[PDB]
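> Sharing an experimental structure here, sequence included.
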Amino acid sequence: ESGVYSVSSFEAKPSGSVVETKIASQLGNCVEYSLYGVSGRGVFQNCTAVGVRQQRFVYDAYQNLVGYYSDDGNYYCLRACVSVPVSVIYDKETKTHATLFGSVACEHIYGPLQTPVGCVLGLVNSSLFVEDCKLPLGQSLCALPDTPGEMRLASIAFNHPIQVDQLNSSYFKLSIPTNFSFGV
Amino acid sequence: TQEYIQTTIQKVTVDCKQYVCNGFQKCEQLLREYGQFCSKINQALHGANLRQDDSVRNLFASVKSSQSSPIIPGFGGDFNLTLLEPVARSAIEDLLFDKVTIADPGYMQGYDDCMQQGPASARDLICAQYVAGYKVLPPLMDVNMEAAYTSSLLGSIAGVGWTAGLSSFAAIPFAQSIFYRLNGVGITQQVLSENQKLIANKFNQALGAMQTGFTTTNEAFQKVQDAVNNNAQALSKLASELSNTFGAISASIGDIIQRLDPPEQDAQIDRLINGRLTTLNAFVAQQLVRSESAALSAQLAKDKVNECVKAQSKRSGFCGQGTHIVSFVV
Amino acid sequence: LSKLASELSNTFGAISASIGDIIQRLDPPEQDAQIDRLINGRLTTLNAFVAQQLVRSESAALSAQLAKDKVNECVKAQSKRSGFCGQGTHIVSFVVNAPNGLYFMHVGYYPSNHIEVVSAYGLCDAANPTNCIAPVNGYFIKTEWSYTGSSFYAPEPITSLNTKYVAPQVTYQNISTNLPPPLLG
Amino acid sequence: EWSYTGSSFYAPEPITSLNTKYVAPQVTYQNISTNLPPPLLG
């Protein structure tokens, strides 16, 4: 069925490895690491030292390795290689789709469109409003199929009520029906 | 009487395959023997998440006014409603949000904030998303749209709860509405006429007194914080359970593979799988319980807007305590 | 039901989903472990099933009480509660059965083509200022003054059948010419 | 002697046709013979 669905994230993959292959030469990259028997995947960053230096490995409150004192004298922060969220925007009738990378700036991904909910590929910005949104993206955004073409990025309209002014007087304005219908 | 009604829960999806196996093929191979586990996790949450978008859509469709007067500075006349006038959210509404501690989910670029700045503190459940394998999804409506709904609601109050039928709108002063509301509960017109300034002053004291009310003694206010804390707890289960070994030699699949051969390696990976499958089932069961509760609550909110806000209620205790006169919503 | 139908094919780490295969291939010290994996998986499945039947039956029961209220409020009565029944002003509701419950058919009154007119809060005899009227379930509108019902603009004369006598107020108009019959005293 | 007050606030005012309704007689109603309010002065 048509809808917006979460699917497996787009995985970051190692671009190399560090072993204590030096850390300083691969900062900012996702690498596999093996540091004095401690291993996993992550991204090293140069940062301010925390924790006790003599203990080498700095852990967080969930027992993840979050920092490391290297034998080259530097302290590095360790971040997980982070996956890139993926949501599929799909329209069954048109057999078309768009991909939303929620929370992701497009610098990591028509070209990609940056929206209030993440980076989206497959949508074209339309500066169009809808009330009748079937594929809400979040915030007040909606994917609108072209019908097939590309899905449009539409904004959901606020439907304003009839404005009835108050009077500076002893009288008042009455907004009153002149017609009617029945509905179910 | 202040009251908080929860209408939604935070919507979360889980990359179950990543959560359980962390990209390790041996684990994925063993995970397959548990059937379409992850399909069930994803479908259960997808349905639970649709439920809030439907709940929200229905709730706002009902708060929505047909006809409304514009809010202008001075709205309220002698009745001080500046607290409620849009500054756009109202002043009380911004205060309510500023006083509640809420982590910023980073809907537009959180992925990057957690890399260039890193976690805000210990146990940061927003940055945990990209590590643990879960995602916090954005709400159906942005803030300005929700503000638009309650702003149009404010402007409809005086002219909606006035006479027979729901079809016409009387664009009358707020103050005039209050006096009809007071007359309707047993205060005579001679009294209201002699005391109009006294009444406006008491009304103003009642609302002015509330500006400093978002504190430790405000039960409705704690309920707002608790709804927030419940969302955090739901995410903490996923963030905190991946460090458990569930009897295994390590919480790391990679350590198990590196240390053991298949006949034992299998048993150890399997312990981690069972623990993680259990965790995800518990998570999903709670998202379904919490989304069911929020949906019922949303219907209560719907009834209060229609009974309380768009009308003067004659039901003791339904709205606030004492005799109901007028209600507002932010 | 699909949970029960689909979960028996799982092995839950066992060599087979079939107990008979386990028995046929293994001796007791290992056979036991394999059967036990299937038991744990199936016990888990049944606990999950039951937990959901209890959640679903609790929900349906609450919902049934909502249905009860709607029949009494909606169908057996005209409701004055905005949004309880359908949208717009409730007139009449009907009920038919549905596969797992009731299907409500709420007929409401939906106004359209609204116009703005000028209305009075009430009218007083200018010569006799304590003799005042207010409209009943409608409005006093300029057109001099006439009455219209609240849901449909259709001016008609102000009469004793569409007014009530009220105490005088500062917002009531003082009328001195075409006084309606309730004020011609 | 007798006066009217609104139910939510004590504030006596004269009994008039605007704050009364005619009812069938009951054993608990008072029989008043002097300062009869205007709805009974018939």
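Structure's in. What do you need? Numbering: from 1, shown residues only, chains lettered A, B, ... in the order given.
> so which residue of chain C comes closest to chain A?
Residue nearest to chain A within chain C: residue C:111 (3.3 Å; Cβ to the nearest Cβ). The way it works is simple: take the backbone N, C-alpha and C, and place the C-beta from them, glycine included.
> What backbone torsions are found at that residue?
Main-chain dihedrals, residue C:111, degrees, to the nearest 10: phi -70, psi 160.
> what number of residues lie near it?
A count of neighbours around residue C:111, defined by other Cβ atoms under 10 Å in any protein chain shown, yields 24.
> Check the one 10 residues further on too.
The local packing of residue C:121 (other Cβ under 10 Å) involves 22 other residues.
> ok, it touching residue C:169?
Yes. If you go by Cβ atoms under 8 Å, residue C:121 and residue C:169 touch, sitting 6.6 Å apart.
> From residue A:162, how far out is the residue lying closest to residue B:160 once chain neighbours are set aside?
Leaving out its chain neighbours, the residue that sits closest to residue B:160 by Cβ to Cβ, 6 or more residues apart in numbering or on different chains is residue B:310, at 5.0 Å. According to Cβ to Cβ, to the nearest Å, residue B:310 and residue A:162 sit 15 Å apart.
> Of those two, which one has the most company?
More crowded of residue B:310 and residue A:162, by other Cβ under 10 Å: residue B:310, with 21 against 14.
> Please report phi then psi for that one.
Per degrees, to the nearest 10, the backbone of residue B:310 is at phi -90, psi 0.
> For the stretch 201-330 of chain B, which segments count as helices?
Using DSSP state H, counting those that start in this stretch, the helices of the stretch 201-330 of chain B run over residues B:219-241, B:253-259, B:262-304.
> could you dump those to JSON lines with mean neighbour count and distance to residue C:37?
What follows is those, written out as JSON lines (neighbours: other Cβ atoms under 10 Å in any protein chain shown; distance: least, Cβ to Cβ, whole Å):
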{"stretch": "helix B:219-241", "mean neighbour count": "17", "distance to residue C:37": "22"}
{"stretch": "helix B:253-259", "mean neighbour count": "18", "distance to residue C:37": "19"}
{"stretch": "helix B:262-304", "mean neighbour count": "19", "distance to residue C:37": "9"}
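> Looking at the ones you listed, spot the one closest to residue A:152.
helix B:262-304 (29.9 Å; Cβ to Cβ).
> chain center to the host helix or strand of residue A:99: distance?
Counting by DSSP states H and E, the element that carries residue A:99 is strand A:96-102. Put simply, strand A:96-102 sits 11 Å off its chain's centre (Cα atoms, centre = their mean, to the nearest Å).
> Going by proximity to chain A, name the top residue of the stretch 51-200 of chain B.
Counting by Cβ to the nearest Cβ, the stretch 51-200 of chain B gets nearest chain A through residue B:138, at 2.9 Å.
> burial of the closest residue in space to that residue that isn't next to it in sequence, as a residue count?
Once flanking residues are discounted, residue B:138 sits nearest to residue A:138: 2.9 Å by Cβ to Cβ, 6+ apart. Look at residue A:138: counted by other Cβ under 10 Å, it has 24 neighbours.
> Tell me the buried residues in stretch A:89-99?
Neighbour-count burial for stretch A:89-99, counted by 16 or more other Cβ atoms under 10 Å in any protein chain shown, picks out A:89-91, A:96-99.
> Go through these and say which is closest to residue B:199.
Once Cβ to Cβ is applied, the member of the buried residues of stretch A:89-99 that ends up nearest residue B:199 is residue A:89, at 54.4 Å.
> Now the closest one: phi and psi?
phi -100, psi 110.
> Contacts only, for residue B:273.
Listed by Cβ atoms under 8 Å, 6 or more residues apart in numbering or on different chains, the contact set of residue B:273 reads B:20-21, B:27, B:30-31, B:34.
> where do the helices sit along chain A?
Secondary structure of chain A by DSSP state H: no helices are present.
> Tell me which residue in it sits closest to chain D.
residue A:170 (20.9 Å).
> Can you give me the distance of the closest residue to that residue other than its chain neighbours to residue A:167?
Nearest non-adjacent residue to residue A:170, counting by Cβ to Cβ, 6+ apart: residue C:171, 5.2 Å away. Distance, residue C:171 to residue A:167, by Cβ to Cβ: 11 Å.
> Which of these two has more residues huddled nearby?
residue C:171 (16 against 13).
> Report the contact partners of the more buried one.
A:170, B:176, C:121-122.
> quick one: which of those is nearest to chain D?
residue C:122 (12.3 Å).
> Give me the neighbour count for the closest one.
Other residues within reach of residue C:122, judged by other Cβ under 10 Å, total 20.
> again, but for the one 4 residues further on
If you count neighbours by other Cβ under 10 Å, residue C:126 ends up with 14.
> contacting residues for it?
C:174-176.
> any idea how far it is from residue C:107?
For residue C:126, the distance to residue C:107 - Cβ to Cβ - is 45 Å.
> ok, now residue A:52?
Taking Cβ to Cβ, one finds residue A:52 at 75 Å from residue C:107.
> now the residue of chain A found nearest chain B, which residues is it bridged with?
Across chain A, the shortest distance to chain B (Cβ to the nearest Cβ) belongs to residue A:138, at 2.9 Å. Counting by DSSP bridges, residue A:138 is bridged to residue A:141.
> ok, and what's touching stretch C:71-81?
Residues outside stretch C:71-81 that contact it (Cβ under 8 Å, 6+ apart): B:306-307, C:84-85, C:90-95, C:102, C:104, C:106.
> Which two of those residues have the greatest separation?
Checking these with Cβ to Cβ, the most distant pair is B:307 and C:94, at 24.2 Å.
> of the two, who's got more company?
Neighbours per residue, other Cβ under 10 Å: of residue B:307 and residue C:94, the larger number sits with residue B:307, 21 against 12.
> isn't that one right up against residue B:319?
Yes. In this structure, residue B:307 is within contact of residue B:319 by Cβ under 8 Å, at 7.0 Å.
> got any residues that touch both of the two?
Common contacts of residue B:307 and residue B:319 (Cβ under 8 Å, 6+ apart): residue B:313.
> mind listing what residue C:90 touches?
C:74, C:78-81, C:84, C:106-109.
> I'd like to know which of those residues are buried.
Among the contacts of residue C:90, those scoring as buried are C:74, C:79, C:84, C:106-109 (criterion: 16+ other Cβ under 10 Å).
> All set now, cheers.
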